[PDB]
Amino acid sequence: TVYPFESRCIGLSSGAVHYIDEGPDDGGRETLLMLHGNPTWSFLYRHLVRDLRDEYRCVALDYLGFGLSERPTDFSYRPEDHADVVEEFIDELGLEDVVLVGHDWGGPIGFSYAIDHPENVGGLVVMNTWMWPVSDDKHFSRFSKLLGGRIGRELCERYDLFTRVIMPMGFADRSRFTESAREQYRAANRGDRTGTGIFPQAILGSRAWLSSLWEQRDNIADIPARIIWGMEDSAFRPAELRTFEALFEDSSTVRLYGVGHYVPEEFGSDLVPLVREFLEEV
Amino acid sequence: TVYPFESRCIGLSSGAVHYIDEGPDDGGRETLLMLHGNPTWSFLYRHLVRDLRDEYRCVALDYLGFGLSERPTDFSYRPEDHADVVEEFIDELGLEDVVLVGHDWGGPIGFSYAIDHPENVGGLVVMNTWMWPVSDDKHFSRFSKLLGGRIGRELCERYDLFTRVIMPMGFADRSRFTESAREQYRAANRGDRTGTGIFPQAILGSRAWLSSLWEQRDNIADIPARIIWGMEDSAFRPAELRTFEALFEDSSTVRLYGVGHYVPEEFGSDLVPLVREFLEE
């Protein structure tokens, strides 16, 4: 009722993935690929997909271990493996020219794709992301340590902490977190919670990867971009917003008010125009 | 005994300033200008000046309302006015080609000089600075609100909070905060404490200025630079360190261990080589 969109599935060498694919299959137009955050599903972008659909092909991907995708028992939830999932997916769908849209963890993954394959990137839109090692922001660091490590995994697997508490925590307005959205995020089972439990640990251990991506920003600078930041966000500070603008040449920042971490769900109605303007301009 | 360096004074249109000026007066060599943080004096860089002196002319400036400088009763402690103090000072001393070194508040001020007059800047070294509006770092924001506003001013003027507590708070190793350093910082009088009390408020209200400087970074990018960051700092996060490196073309970051906010005092012995290498390269 809420998610009427056509759903499809790709078998990848590391496991099958679910995706949403709206708009024409006649790919004479640019494709936009959406990458979700944690513990979210591609459903996070239901509104964004709905409206962008009539102008651009819109594809949204569920990461392995999340959403409606396969969860190999040996999958390592390193950003490197998530990047490989995205890369193979883009090739499997024939998506030769793609604008990437990423949120939270999806930021660094879309960014990484663009670093490795800038040739196939038609532009980048990032929102409330985890790009760059986070060393100074004590809010995140304290949560990362609690939600990471052994205790992290146990908290996620035993209590679904990451969905029952942390998800609402990231909303400036929890009345927009509809029961259906809450159900689908909580629909993930106990085994799926392992991938979620690992995520913040992956950030703590992926600092070398994030640092490498930062160093390669001078090359990603040739790809047009937009950075969306909520005024009440927890994953990104205005200091970072300004620093990223200073480095990522040919980019622009957007500040959204009355919005937290989960921007596309609370303010999808503003995100749509921001993305459409980007897609129209370049 | 601790600060043997020759001291001089310039009358500026906004008040007189004190400065340290070491090395030859025969300016056939590059000059390095050091800008202090808060509530510090140019004494912060005594070690850095001592060693750089024999290779480069070293000048260190006390900001109006701080150190051994004049405190006009109408001085506005906006970064804009501090930048004008630095600009006029550089012109008054004939310092035609200057490498700027800034810490804390001195960061944005040296940076601003470079934005307005990149032509006179031989390079930039910044350490634990307040560049860019700070919106996400709740540690600073909570202190800014406490140390800023009316209560901020009262806390500084009545209790010298900013020197008795905040200064030691910024050290990873307080045993390096010698009694002489402690005395000189605390030597500032109650009226001088007003300038100090305003500082964090100036940051909260100067966000437009800091934002403008950030936007002009694409032009400052033509000036070689180094960014020094303490692993236990409170004014700057590694996220920012990485972002600044990404934007400031022709720059490099340095991470110092076992050091807090007041880097040149705790680890002056590492800062000297970092600055000398920059100046040699």
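What the entry reports as its method is cryo-EM, with 7 Å given for the resolution.

The name given to chain B in the PDB entry is Alpha/beta fold hydrolase, and the organism recorded there is Haloferax mediterranei.

You'll find chain A entered in the PDB entry as Alpha/beta fold hydrolase, with Haloferax mediterranei given as the organism.

**Here we look at the UniProt feature "domain: AB hydrolase-1" (unreviewed entry) in chain A**
The sites that UniProt annotates as "domain: AB hydrolase-1" (unreviewed entry) are residues 31–265 of chain A. Secondary structure content for residues 31–265 of chain A is 48% helix and 15% strand, while the C-alpha to C-alpha distance between its ends is 21 Å.

**Describing the UniProt feature "domain: AB hydrolase-1" (unreviewed entry) in chain B**
The UniProt entry lists residues 31–265 of chain B under the feature "domain: AB hydrolase-1" (unreviewed entry), expressed in the numbering used here. A distance of 21 Å separates the end C-alpha atoms of residues 31–265 of chain B, which is 48% helix and 15% strand.

**Topic: the nonpolar core**
If you look at the biggest cluster of nonpolar residues, it comprises 110 residues, and the most contacted ones within it are A:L33, A:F89, A:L124, B:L33, B:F89 and B:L124. When sequence neighbours within four positions are dropped, the list of residues in contact with A:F89 reads A:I10, A:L12, A:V17, A:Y19, A:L33, A:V59 and A:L61.

**Here's the deal with the packing of aromatic side chains**
Taken as a whole and judged by the stated rule, the model has 26 aromatic pairs over all chains. Between A:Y3 and A:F43, the ring centres sit 3.9 Å apart and the planes meet at 15°, which makes this aromatic pair stacked. One end of the pair, A:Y3, is in the segment before strand 1 (7–12); the other, A:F43, is in the loop between strand 3 (31–35) and helix 1 (46–52), with 40 residues separating them in the sequence. Plain terms: the ring middles of B:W132 and B:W214 are 3.7 Å apart, the flat faces sit at 5° to each other, and that makes the pair stacked. Placement of B:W132 in the loop between strand 6 (121–127) and helix 4 (138–147) and of B:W214 in helix 9 (residues 207–215) is noted, with a sequence separation of 82 residues between them.

**Focus on the interface of chain A and chain B**
Counting residues at the interface gives 30 residues for chain A, matched by 30 residues for chain B. Both sides together, the interface formed by chain A and chain B hides about 2,200 Å², and carbon and sulfur atoms give 50% of it. The largest share of the area that chain A buries against chain B comes from A:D136, A:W214 and A:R242, three residues that together contribute 32% of it. Applying the counting criterion to the chain A and chain B interface returns two salt bridges. The interface formed by chain A and chain B contains eight residue pairs in polar contact. Elements that contribute at least two residues to the side of chain A that touches chain B include exactly helix 4 (138–147), helix 9 (207–215), helix 10 (217–220) and helix 11 (238–247) of chain A. Class assignment of the residues belonging to the side of chain A that touches chain B gives a composition of 13 nonpolar, four polar and 13 charged.

**Describing the side chain of A:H82**
With respect to the helices, strands and loops of the structure, A:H82 is situated in helix 2 (residues 79–92). Not counting chain neighbours up to four residues away, the residues in contact with A:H82 comprise A:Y63, A:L64, A:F66, A:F75, A:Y77, A:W105 and A:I109.

**Some thoughts on the pattern of salt bridges**
Pairs can form between side chains of opposite charge once their charged atoms are near each other. Evaluated as defined, the whole model comprises 38 salt bridges over all chains. Linking A:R226 and A:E281 is a salt bridge whose minimum nitrogen-to-oxygen distance equals 2.7 Å. On the criterion of sequence distance, the pair formed by A:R226 in strand 7 (residues 225–230) and A:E281 in helix 13 (residues 268–281) is long-range, its members being 55 residues apart. Given the relative accessible area of 18%, A:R226 is considered buried. We note a salt bridge from B:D54 to B:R53, for which the minimum N-O separation is 3.0 Å. With a relative accessible area of 55%, B:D54 lands in the exposed category. One network of salt bridges, with partners in common, ties together A:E6, A:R8, A:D21, A:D25 and A:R57.

Calculation criteria
Residues numbered from 1 in each chain as written, not as in the entry; some residues may be left out. Chains lettered and ligands numbered in written order. Heavy atoms only, no water. UniProt positions renumbered as here; feature names shortened; annotations may be inferred. Helix = DSSP H or I, 4+ residues; strand = E, 2+ residues; numbered from the N terminus. Core = buried A, V, L, I, M, F, W, Y, C linked by side-chain atoms within 4.5 Å. Buried < 20%, exposed > 50% of the residue type's maximum accessible area, 1.4 Å probe, protein only. Contact = heavy atoms within 4.5 Å. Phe/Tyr/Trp six-rings, centres within 6.5 Å; stacked < 30°, edge-to-face > 60°. Buried area = accessible area lost by both parts, 1.4 Å probe. Salt bridge = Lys/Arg side-chain N within 4 Å of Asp/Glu carboxyl O. Polar contact = N/O pair within 3.5 Å; in protein donor to acceptor, adjacent residues only side chain to side chain. Nonpolar A, V, L, I, M, F, W, Y, C, P; charged D, E, K, R; others polar.

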